[PDB]
């Protein structure tokens, strides 16, 4: 059996990967909670790699937050992500771990990128300021992977998710991520018999959403492809792979779908006196498709299962 370390295994993405691999009689999972292993401590991370005989790493540990957190604690987001990724990648190489998958973010891309965003949009323009420190740390993780690949002949791959949703998200009305926020807001409005739920903006911007279990499936698929196939569809210094659906949906359609999913019978209202973001933002997933993976979970089916998860975990 392959000994697989899922860093960050209790996180939203890491736990989705663990759920699928836990079914794999060919894999032996090696898991450490934060309390057992602080990924910021270089010595502790090296001691772990020197004693645990790992074959593969899923690097799903990160300091991640929403708009308020990213603007309020920028040093936490840059410093902690730099250190976690540098520690893990360095220790993996020192202990002859040849396979690693770095799970990043779509905040890597420029604020005004061409849509849909192909992987080659990386570094083509200015970042969103809210996420800039975090994004630079994420980009440094990709470039660590590519530099170890080039200098040492490692196989350190990387995937960048689009907006994610699903079990183990933060379902609080204040979340800046629209899916969990709206699921929660509509749930509470249906409990209260509120006449309406008002969403800021016009509802016209188009966005892209992927269920976390699809993210995990794509991630395992990308990790386990033959190296020559992964090489054919990447370039050494442009190596990351976008993971998503490649399909747009208006915030209007999303909100109306959520309202149906939850059984809300009041009105969804958009307040267009508040500003919209850019008109369209989504990943180009041609590379992923070419690599033979296509998502399985449609928005309405994924929202419904995600809401059932929330219901069972209130």
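Numbering follows the first chain given and starts at 1.
When the two stretches 45-53 and 243-251 are set side by side, the higher mean Cα temperature factor goes to 45-53. Set 167-175 against 87-95 and average the Cα temperature factors; 167-175 ends up higher.
In this entry, the residue among 229, 215, 160, 139 with the greatest C-alpha B factor is 229. Ranking 103, 122, 78, 189 by the C-alpha B-factor listed in the PDB entry places 189 at the top. Split the chain's modelled residues into thirds by C-alpha temperature factor. Residue 303 is in the lowest one. The deposited CA B-factor of residue 153 belongs to the middle third of values across its chain.
Split the chain's modelled residues into thirds by C-alpha temperature factor. Residue 26 is in the highest one. Residue 260: CA B factor in the lowest third of modelled residues in this chain (values from the PDB entry).
Among the modelled residues of its chain, residue 126 has a C-alpha B-factor that falls in the middle third according to the deposited record.
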